[PDB]
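Step one of this worksheet: look at the structure below.
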Amino acid sequence: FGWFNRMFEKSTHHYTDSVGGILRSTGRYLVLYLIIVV
Amino acid sequence: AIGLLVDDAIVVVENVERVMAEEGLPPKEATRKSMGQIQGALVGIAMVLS
Amino acid sequence: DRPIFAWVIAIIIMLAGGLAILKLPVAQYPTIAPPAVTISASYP
Amino acid sequence: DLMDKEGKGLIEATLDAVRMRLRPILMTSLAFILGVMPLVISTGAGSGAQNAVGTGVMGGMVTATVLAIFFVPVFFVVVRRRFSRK
Amino acid sequence: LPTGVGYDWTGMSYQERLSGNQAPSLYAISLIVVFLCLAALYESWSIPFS
C-alpha cells in the first residue's frame, strides 16, 4: 500500500526532522508554553 | 474508561510489532524482552492514575 | 537497597497519618462502661 | 532506558525515543477520539449527559497529542530538567 | 434588621460545594501523590516535573 509508505515518510522526515529543529531552539518554545498557561 | 483501557492494550501489542521488523524476531523471546522496557512504565502509570 | 522507592513509602505515611489527626476524634477515654438505657416517668 | 542502559545521547536519546514510538501515541489517541465520537454529538435526546462528557475529552485529546508530541513540552521538559545543570 | 431577628441557612444548601472549596483540595493532593509515584519507579528530581 501507499498508506504505509506515507506513515514512514512523516516519521523519518517532516516530523522527526522538525523535532531536531525545535530542540535546537529553547527560549522561543518556553515563551510559547507560558503563553499557553496565560 | 474504554478510552484509557485499549490505551494500555495498544502499548504492549504494537511494541512487539516493532521488535518483529526493527530486529526481525517473531518468537516468545521477542514478546518477553519487549516488555523489559514497557513493564517499568506499566506499574508506574498504574500508581499515578490511582 | 535503593532510596527513592523506600522514601515514597514513608511520604505516604506523612500524609495518611497526619490526615487521620485532622479526620478522627481527639476525645478522652473511650467507651468502656456497658451501655444502659434509662426509663423515666413522673407522677406529680 | 536508552540513556542509562544503552548510550547517553544528550539530545539524541530523546530524539531517538520517539523515532521508535510515534505510532502508539497516535494509534491510541486516534482510537480514543473515535470512541468518544458518539457521545459528543450523534446521540442528542435520550442522554444529554453524553454531550457533557465527550466534549471535554475530544478537546483534551486534540491538544494532548498534537502539542505534547510536538511544539510544547514532553521533549523540551526532559532537556532542561535532567540536563542543563545536574 | 431590627432587634430579635437572627438567621440560619435553610435548607439544602449546603456544607461544602464542589467547584468551590472542595476542588482545590482534591487537585491539591492529586499533585502531591503523582509526584511521589513518579519516583518509586524513576529516581530523580527532573522526571516528575516533565
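The way I read the labels, and the way they are meant: chains A, B, ... in the order of the C-alpha cells, residue 1 as the first residue of every chain, and ligand 1 as the first ligand shown, with later ones counted on from there.
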Would you mind listing, as a PyMOL selection string, all residues of chain D that have at least one atom within 9 Å of chain B, where only C-alpha atoms are what counts?
chain D and resi 1+20-21+23-25+27-29+31-33+35-36
How about saving the chosen residues, N, CA and C atoms kept, as a PDB file, in the first residue's frame?
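Everything below was put into out.pdb:
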ATOM      1  N   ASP D   1      15.554   4.400  29.282  1.00  0.00           N
ATOM      2  CA  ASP D   1      16.040   3.034  29.097  1.00  0.00           C
ATOM      3  C   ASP D   1      17.130   3.041  28.027  1.00  0.00           C
ATOM      4  N   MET D  20      11.168   5.780  17.445  1.00  0.00           N
ATOM      5  CA  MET D  20      10.563   4.450  17.500  1.00  0.00           C
ATOM      6  C   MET D  20       9.420   4.365  18.529  1.00  0.00           C
ATOM      7  N   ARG D  21       8.477   5.309  18.451  1.00  0.00           N
ATOM      8  CA  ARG D  21       7.160   5.194  19.115  1.00  0.00           C
ATOM      9  C   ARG D  21       6.209   6.390  18.887  1.00  0.00           C
ATOM     10  N   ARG D  23       4.127   6.006  16.516  1.00  0.00           N
ATOM     11  CA  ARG D  23       2.997   5.147  16.160  1.00  0.00           C
ATOM     12  C   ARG D  23       1.987   4.935  17.309  1.00  0.00           C
ATOM     13  N   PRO D  24       2.405   4.381  18.453  1.00  0.00           N
ATOM     14  CA  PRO D  24       1.478   4.128  19.570  1.00  0.00           C
ATOM     15  C   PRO D  24       0.871   5.375  20.225  1.00  0.00           C
ATOM     16  N   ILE D  25       1.514   6.532  20.090  1.00  0.00           N
ATOM     17  CA  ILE D  25       0.979   7.778  20.644  1.00  0.00           C
ATOM     18  C   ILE D  25      -0.224   8.258  19.826  1.00  0.00           C
ATOM     19  N   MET D  27      -1.883   6.145  17.711  1.00  0.00           N
ATOM     20  CA  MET D  27      -2.723   4.973  17.457  1.00  0.00           C
ATOM     21  C   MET D  27      -3.733   4.818  18.588  1.00  0.00           C
ATOM     22  N   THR D  28      -3.267   5.048  19.814  1.00  0.00           N
ATOM     23  CA  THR D  28      -4.124   5.070  20.995  1.00  0.00           C
ATOM     24  C   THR D  28      -5.008   6.315  21.003  1.00  0.00           C
ATOM     25  N   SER D  29      -4.413   7.467  20.697  1.00  0.00           N
ATOM     26  CA  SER D  29      -5.108   8.752  20.779  1.00  0.00           C
ATOM     27  C   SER D  29      -6.154   8.946  19.684  1.00  0.00           C
ATOM     28  N   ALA D  31      -7.685   6.360  18.256  1.00  0.00           N
ATOM     29  CA  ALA D  31      -8.687   5.360  18.625  1.00  0.00           C
ATOM     30  C   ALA D  31      -9.510   5.806  19.838  1.00  0.00           C
ATOM     31  N   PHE D  32      -8.967   6.750  20.605  1.00  0.00           N
ATOM     32  CA  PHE D  32      -9.643   7.321  21.767  1.00  0.00           C
ATOM     33  C   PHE D  32     -10.679   8.341  21.305  1.00  0.00           C
ATOM     34  N   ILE D  33     -10.272   9.203  20.375  1.00  0.00           N
ATOM     35  CA  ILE D  33     -11.126  10.263  19.840  1.00  0.00           C
ATOM     36  C   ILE D  33     -12.368   9.679  19.165  1.00  0.00           C
ATOM     37  N   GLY D  35     -13.717   6.695  19.743  1.00  0.00           N
ATOM     38  CA  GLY D  35     -14.549   6.056  20.751  1.00  0.00           C
ATOM     39  C   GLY D  35     -15.410   7.043  21.526  1.00  0.00           C
ATOM     40  N   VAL D  36     -14.945   8.289  21.610  1.00  0.00           N
ATOM     41  CA  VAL D  36     -15.668   9.373  22.279  1.00  0.00           C
ATOM     42  C   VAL D  36     -16.593  10.101  21.289  1.00  0.00           C
TER      43      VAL D  36
END
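In this structure, the chain D residues at most 8 Å away from chain E are residues 73, 74, 77, 78, 81 and 82 of chain D, with only C-alpha atoms considered.
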Include C-alpha atoms and write out the residues we just selected as a PDB file, in the first residue's frame.
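For reference, selection_30.pdb as written:
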ATOM      1  CA  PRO D  73       6.986  20.140  26.146  1.00  0.00           C
ATOM      2  CA  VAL D  74       7.109  16.322  26.549  1.00  0.00           C
ATOM      3  CA  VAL D  77      10.995  19.355  29.517  1.00  0.00           C
ATOM      4  CA  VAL D  78      13.365  16.361  29.664  1.00  0.00           C
ATOM      5  CA  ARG D  81      15.085  19.427  33.791  1.00  0.00           C
ATOM      6  CA  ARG D  82      17.533  16.498  33.603  1.00  0.00           C
TER       7      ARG D  82
END
Report as a Markdown table the residues of chain D within 8 Å of chain A, each with its shortest atom pair and distance in Å (one decimal), using only C-alpha atoms, ordered by chain and increasing residue number.
| residue | atom | partner | partner_atom | distance |
| --- | --- | --- | --- | --- |
| D:11 | CA | A:23 | CA | 7.8 |
| D:15 | CA | A:20 | CA | 7.0 |
| D:19 | CA | A:16 | CA | 6.8 |
| D:22 | CA | A:11 | CA | 7.2 |
| D:70 | CA | A:19 | CA | 7.2 |
| D:71 | CA | A:29 | CA | 6.9 |
| D:72 | CA | A:33 | CA | 6.1 |
| D:73 | CA | A:33 | CA | 7.6 |
| D:75 | CA | A:23 | CA | 7.9 |
| D:76 | CA | A:23 | CA | 6.8 |
Just asking: which residues within stretch 32-62 of chain D are helix (DSSP H, G or I) according to DSSP, as a VMD selection string?
chain D and resid 32 to 35 37 to 40 49 to 62
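If we count only C-alpha atoms, these residues of chain E sit within 12 Å of chain C: residues 29, 32, 33, 34, 35, 36, 37, 38, 39, 40, 41, 42, 43, 44 and 45 of chain E.
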Export of prior selection with N, CA, C and O atoms as a PDB file, in the first residue's frame:
ATOM      1  N   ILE E  29      -3.970  17.355  46.595  1.00  0.00           N
ATOM      2  CA  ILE E  29      -3.399  16.063  46.988  1.00  0.00           C
ATOM      3  C   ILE E  29      -3.096  15.200  45.757  1.00  0.00           C
ATOM      4  O   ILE E  29      -2.204  14.355  45.797  1.00  0.00           O
ATOM      5  N   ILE E  32       0.394  15.949  44.837  1.00  0.00           N
ATOM      6  CA  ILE E  32       1.356  15.521  45.857  1.00  0.00           C
ATOM      7  C   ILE E  32       1.751  14.054  45.670  1.00  0.00           C
ATOM      8  O   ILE E  32       2.927  13.707  45.772  1.00  0.00           O
ATOM      9  N   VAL E  33       0.765  13.205  45.389  1.00  0.00           N
ATOM     10  CA  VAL E  33       0.982  11.763  45.278  1.00  0.00           C
ATOM     11  C   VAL E  33       1.490  11.368  43.886  1.00  0.00           C
ATOM     12  O   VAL E  33       2.260  10.420  43.760  1.00  0.00           O
ATOM     13  N   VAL E  34       1.056  12.090  42.851  1.00  0.00           N
ATOM     14  CA  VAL E  34       1.528  11.853  41.480  1.00  0.00           C
ATOM     15  C   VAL E  34       3.045  12.049  41.375  1.00  0.00           C
ATOM     16  O   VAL E  34       3.723  11.321  40.651  1.00  0.00           O
ATOM     17  N   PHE E  35       3.560  13.033  42.108  1.00  0.00           N
ATOM     18  CA  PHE E  35       4.991  13.324  42.153  1.00  0.00           C
ATOM     19  C   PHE E  35       5.764  12.206  42.865  1.00  0.00           C
ATOM     20  O   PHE E  35       6.856  11.828  42.434  1.00  0.00           O
ATOM     21  N   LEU E  36       5.191  11.691  43.952  1.00  0.00           N
ATOM     22  CA  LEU E  36       5.807  10.612  44.731  1.00  0.00           C
ATOM     23  C   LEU E  36       5.849   9.287  43.965  1.00  0.00           C
ATOM     24  O   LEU E  36       6.814   8.528  44.079  1.00  0.00           O
ATOM     25  N   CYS E  37       4.801   9.017  43.189  1.00  0.00           N
ATOM     26  CA  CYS E  37       4.699   7.784  42.409  1.00  0.00           C
ATOM     27  C   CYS E  37       5.547   7.840  41.136  1.00  0.00           C
ATOM     28  O   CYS E  37       5.818   6.805  40.525  1.00  0.00           O
ATOM     29  N   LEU E  38       5.957   9.047  40.742  1.00  0.00           N
ATOM     30  CA  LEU E  38       6.907   9.237  39.647  1.00  0.00           C
ATOM     31  C   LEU E  38       8.315   9.387  40.229  1.00  0.00           C
ATOM     32  O   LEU E  38       9.036  10.334  39.920  1.00  0.00           O
ATOM     33  N   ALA E  39       8.696   8.427  41.066  1.00  0.00           N
ATOM     34  CA  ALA E  39       9.965   8.462  41.798  1.00  0.00           C
ATOM     35  C   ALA E  39      10.306   7.090  42.386  1.00  0.00           C
ATOM     36  O   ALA E  39      11.476   6.712  42.458  1.00  0.00           O
ATOM     37  N   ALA E  40       9.279   6.361  42.823  1.00  0.00           N
ATOM     38  CA  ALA E  40       9.418   4.953  43.192  1.00  0.00           C
ATOM     39  C   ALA E  40       9.824   4.077  41.999  1.00  0.00           C
ATOM     40  O   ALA E  40      10.408   3.007  42.187  1.00  0.00           O
ATOM     41  N   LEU E  41       9.506   4.531  40.783  1.00  0.00           N
ATOM     42  CA  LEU E  41       9.824   3.795  39.556  1.00  0.00           C
ATOM     43  C   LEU E  41      10.788   4.549  38.621  1.00  0.00           C
ATOM     44  O   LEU E  41      11.010   4.113  37.488  1.00  0.00           O
ATOM     45  N   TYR E  42      11.368   5.659  39.086  1.00  0.00           N
ATOM     46  CA  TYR E  42      12.170   6.533  38.217  1.00  0.00           C
ATOM     47  C   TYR E  42      13.492   6.999  38.841  1.00  0.00           C
ATOM     48  O   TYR E  42      14.552   6.846  38.230  1.00  0.00           O
ATOM     49  N   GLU E  43      13.417   7.579  40.039  1.00  0.00           N
ATOM     50  CA  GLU E  43      14.594   8.013  40.808  1.00  0.00           C
ATOM     51  C   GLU E  43      15.318   9.217  40.189  1.00  0.00           C
ATOM     52  O   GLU E  43      16.267   9.056  39.415  1.00  0.00           O
ATOM     53  N   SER E  44      14.859  10.418  40.548  1.00  0.00           N
ATOM     54  CA  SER E  44      15.456  11.679  40.084  1.00  0.00           C
ATOM     55  C   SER E  44      14.775  12.887  40.745  1.00  0.00           C
ATOM     56  O   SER E  44      13.908  12.725  41.613  1.00  0.00           O
ATOM     57  N   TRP E  45      15.191  14.093  40.344  1.00  0.00           N
ATOM     58  CA  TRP E  45      14.428  15.318  40.600  1.00  0.00           C
ATOM     59  C   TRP E  45      14.298  16.100  39.286  1.00  0.00           C
ATOM     60  O   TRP E  45      14.669  17.273  39.198  1.00  0.00           O
TER      61      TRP E  45
END
Interatomic distance (Å, one decimal) between atom CA of residue C:18 and atom CA of residue B:44
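Atom CA of residue B:44 lies at a distance of 25.0 Å from atom CA of residue C:18.
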Proximal residues of chain B relative to chain E (only C-alpha atoms; 12 Å) as a PyMOL selection string:
chain B and resi 39-50
Mind dumping the selected residues with N, CA, C and O atoms as a PDB file, in the first residue's frame?
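What landed in result-v4.pdb:
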ATOM      1  N   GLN B  39       7.417  -2.781  30.948  1.00  0.00           N
ATOM      2  CA  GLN B  39       6.954  -3.160  32.290  1.00  0.00           C
ATOM      3  C   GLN B  39       7.256  -2.104  33.356  1.00  0.00           C
ATOM      4  O   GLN B  39       6.453  -1.899  34.269  1.00  0.00           O
ATOM      5  N   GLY B  40       8.411  -1.451  33.244  1.00  0.00           N
ATOM      6  CA  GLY B  40       8.790  -0.390  34.164  1.00  0.00           C
ATOM      7  C   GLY B  40       7.751   0.716  34.238  1.00  0.00           C
ATOM      8  O   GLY B  40       7.422   1.198  35.324  1.00  0.00           O
ATOM      9  N   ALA B  41       7.236   1.113  33.077  1.00  0.00           N
ATOM     10  CA  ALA B  41       6.172   2.112  32.993  1.00  0.00           C
ATOM     11  C   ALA B  41       4.812   1.574  33.443  1.00  0.00           C
ATOM     12  O   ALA B  41       4.075   2.276  34.124  1.00  0.00           O
ATOM     13  N   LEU B  42       4.489   0.333  33.068  1.00  0.00           N
ATOM     14  CA  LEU B  42       3.151  -0.236  33.294  1.00  0.00           C
ATOM     15  C   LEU B  42       2.706  -0.256  34.760  1.00  0.00           C
ATOM     16  O   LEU B  42       1.511  -0.162  35.044  1.00  0.00           O
ATOM     17  N   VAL B  43       3.659  -0.388  35.679  1.00  0.00           N
ATOM     18  CA  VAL B  43       3.356  -0.385  37.111  1.00  0.00           C
ATOM     19  C   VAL B  43       3.367   1.046  37.663  1.00  0.00           C
ATOM     20  O   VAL B  43       2.601   1.370  38.572  1.00  0.00           O
ATOM     21  N   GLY B  44       4.239   1.890  37.112  1.00  0.00           N
ATOM     22  CA  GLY B  44       4.310   3.294  37.487  1.00  0.00           C
ATOM     23  C   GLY B  44       3.100   4.109  37.055  1.00  0.00           C
ATOM     24  O   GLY B  44       2.614   4.944  37.818  1.00  0.00           O
ATOM     25  N   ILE B  45       2.633   3.879  35.829  1.00  0.00           N
ATOM     26  CA  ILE B  45       1.414   4.515  35.311  1.00  0.00           C
ATOM     27  C   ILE B  45       0.162   4.075  36.068  1.00  0.00           C
ATOM     28  O   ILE B  45      -0.819   4.815  36.130  1.00  0.00           O
ATOM     29  N   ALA B  46       0.195   2.865  36.625  1.00  0.00           N
ATOM     30  CA  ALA B  46      -0.909   2.347  37.430  1.00  0.00           C
ATOM     31  C   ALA B  46      -1.005   3.059  38.780  1.00  0.00           C
ATOM     32  O   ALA B  46      -2.094   3.200  39.336  1.00  0.00           O
ATOM     33  N   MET B  47       0.136   3.505  39.302  1.00  0.00           N
ATOM     34  CA  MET B  47       0.187   4.167  40.607  1.00  0.00           C
ATOM     35  C   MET B  47      -0.122   5.671  40.537  1.00  0.00           C
ATOM     36  O   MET B  47      -0.498   6.265  41.550  1.00  0.00           O
ATOM     37  N   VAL B  48       0.033   6.278  39.358  1.00  0.00           N
ATOM     38  CA  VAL B  48      -0.261   7.707  39.178  1.00  0.00           C
ATOM     39  C   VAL B  48      -1.682   7.965  38.667  1.00  0.00           C
ATOM     40  O   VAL B  48      -2.198   9.073  38.812  1.00  0.00           O
ATOM     41  N   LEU B  49      -2.299   6.952  38.060  1.00  0.00           N
ATOM     42  CA  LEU B  49      -3.726   7.005  37.736  1.00  0.00           C
ATOM     43  C   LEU B  49      -4.535   6.746  39.011  1.00  0.00           C
ATOM     44  O   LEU B  49      -5.686   7.167  39.117  1.00  0.00           O
ATOM     45  N   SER B  50      -3.921   6.051  39.969  1.00  0.00           N
ATOM     46  CA  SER B  50      -4.510   5.824  41.293  1.00  0.00           C
ATOM     47  C   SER B  50      -4.299   7.017  42.233  1.00  0.00           C
ATOM     48  O   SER B  50      -4.797   7.015  43.362  1.00  0.00           O
TER      49      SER B  50
END
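Non-sequential neighbours of residue D:48 (distance at most 10 Å, separation of 6 or more positions within a chain, only C-alpha atoms) are residues 39, 40 and 41 of chain D.
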Could you write out that same residue set with N, CA and C atoms as a tab-separated table (two decimals), in the first residue's frame?
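again07.tsv, freshly written:
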chain	number	residue	atom	x	y	z
D	39	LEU	N	-20.58	10.24	21.65
D	39	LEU	CA	-21.08	10.97	22.82
D	39	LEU	C	-21.14	12.48	22.56
D	40	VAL	N	-20.18	13.00	21.79
D	40	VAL	CA	-20.06	14.44	21.56
D	40	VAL	C	-21.32	14.96	20.87
D	41	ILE	N	-21.65	14.37	19.73
D	41	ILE	CA	-22.95	14.58	19.07
D	41	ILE	C	-23.53	13.20	18.72
Length of the atom CA of residue D:58 to atom CA of residue D:34 vector [Å]
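Separating atom CA of residue D:58 from atom CA of residue D:34 is a distance of 8.9 Å.
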For a test of reading the model, state the distance in Å between atom CA of residue D:46 and atom CA of residue D:61, rounded to one decimal.
25.5 Å
